[PDB]
Asks: 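This structure is in structure tokens; I'll ask about it shortly.
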Amino acid sequence: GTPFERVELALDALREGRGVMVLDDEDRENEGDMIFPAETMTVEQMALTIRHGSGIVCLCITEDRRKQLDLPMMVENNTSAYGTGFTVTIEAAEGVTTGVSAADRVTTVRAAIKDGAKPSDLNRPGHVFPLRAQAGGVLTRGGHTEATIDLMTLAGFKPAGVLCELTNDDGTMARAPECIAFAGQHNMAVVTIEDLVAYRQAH
Amino acid sequence: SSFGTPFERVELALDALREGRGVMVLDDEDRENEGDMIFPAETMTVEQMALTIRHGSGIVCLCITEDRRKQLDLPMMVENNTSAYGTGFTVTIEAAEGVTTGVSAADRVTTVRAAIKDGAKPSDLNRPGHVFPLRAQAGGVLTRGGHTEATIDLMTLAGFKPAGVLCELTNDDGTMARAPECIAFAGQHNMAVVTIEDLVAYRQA
Ligand SMILES: [Mg+2]
Ligand SMILES: [Zn+2]
Ligand SMILES: [Zn+2]
Ligand SMILES: [Zn+2]
Ligand SMILES: [Zn+2]
Ligand SMILES: [Zn+2]
Ligand SMILES: [Zn+2]
Ligand SMILES: [Zn+2]
Ligand SMILES: [Zn+2]
Ligand SMILES: [Zn+2]
Ligand SMILES: [Zn+2]
Ligand SMILES: [Zn+2]
């Protein structure tokens, strides 16, 4: 397909309760992140993500939601190679045990994204990793974090999505051909950040 | 499914660590009821890291002492720790050299090695990152019966640097492995099984 078509197909997939495989630039991370809307991701989708992802399952959120939840950025002097926007980590205050099962990570995501969520609904630290997206989305920063928020908002959801990088069992990160094969195995749409940037520049 | 005394289980685990094998550490059934795969930070292989990500939560942690935390200038992640188990997460880390994105098994190992190197400085680690240090409480399992303290105590008793990598064993269906699954897993992977209770008994003696 074309770039705009891949974006459109990705929005349909998110609306249908399917995941999307998001590939960033080859000259950047060259990684594929599986993403789901925070509002609809299931425990089975979370199990899938832990099984075949890095297991570092992230919750992409806006600056306003970060402030609503009172989640400081993890560090002041961000020296990460890619400037990744990790906040302090989180666990649901209620409805979990140790916080790390697929079910507990989903409970934590739902507590964080609920309308009216308050800081006391989350304990810290925890086993879910929120990432704060920059305003302007992929028009500001071409990361998976912004890409996730932009796809959610374009699909009609709250600007809140769950992401994890796809990993091969031998410990190497999946490259684009592996990400596309995996997307086929799990009926996910595939889209690139480059597609998304072009789409938003036009639209 | 158990054999022998607590003391032998501990000694078997020390041998396993020296031999380059993992240890499966079970905490109290009334605490987390979880088994963590553990390896010395010094000798853990890329293959072992890949095994840990594949079978574990993927939240692979590096147990360190307070002295090492200070040496690396790693703040505790939160001032007011409200976690269910009071887990000692510091700010997260990535090697400043010799990695790409930080997340591959190879890159996580590189990061662990950078953090534990003799003479490691704060500038050897970028923050935040894909490896999660856990700071052990003074007194080890005699103060806090956690996987973090168990790891440090085991490495210490085995003769290693007080630094160990851990991750909780996860079933493929996303539920956490309980003792029977952890014991079966450890058997299949030639990891020595030991309980925090065993280790408390050993250290008190
Ligand atoms: Mg735990
Ligand atoms: Zn159009
Ligand atoms: Zn699967
Ligand atoms: Zn599978
Ligand atoms: Zn705002
Ligand atoms: Zn844990
Ligand atoms: Zn990314
Ligand atoms: Zn599937
Ligand atoms: Zn295995
Ligand atoms: Zn990552
Ligand atoms: Zn240096
Ligand atoms: Zn534990």
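Proteins get letters first, then strands, A, B, ... in listed order; numbering begins at 1 in each. Below, each value reflects all heavy atoms present in this structure, side chains not excepted, and no hydrogens, waters or symmetry copies. First listed ligand is number 1; within each ligand, the first listed atom is number 1.
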Asks: Closer than 2.8 Å to the Zn ion (ligand 10): does that hold for any N, O or S atom in A/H144?
Replies: no
Asks: Give a yes or no on this: more than 12 heavy atoms of other residues, nucleotides or ligands lie within 6.0 Å of atom CD of A/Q185.
Replies: yes
Asks: Any salt bridge between A/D121 and A/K114, counting N to O under 4.0 Å?
Replies: no
Asks: Which atom, counting only N, O or S, brings B/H55 closest to the Zn ion (ligand 9)?
Replies: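 This residue's closest N, O or S atom turns out to be NE2.
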Asks: Any heavy-atom pair between the side chains of A/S101 and B/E168 that's under 4.5 Å?
Replies: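 No, their side chains stay 4.5 Å or more apart.
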Asks: From the Zn ion (ligand 10) out to just under 2.8 Å, does an N/O/S atom of A/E165 turn up?
Replies: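 Within the cut-off used here (under 2.8 Å), A/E165 does place an N, O or S atom near the Zn ion (ligand 10).
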Asks: Are B/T65 and B/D67 linked by a side-chain donor-acceptor pair shorter than 3.5 Å?
Replies: no
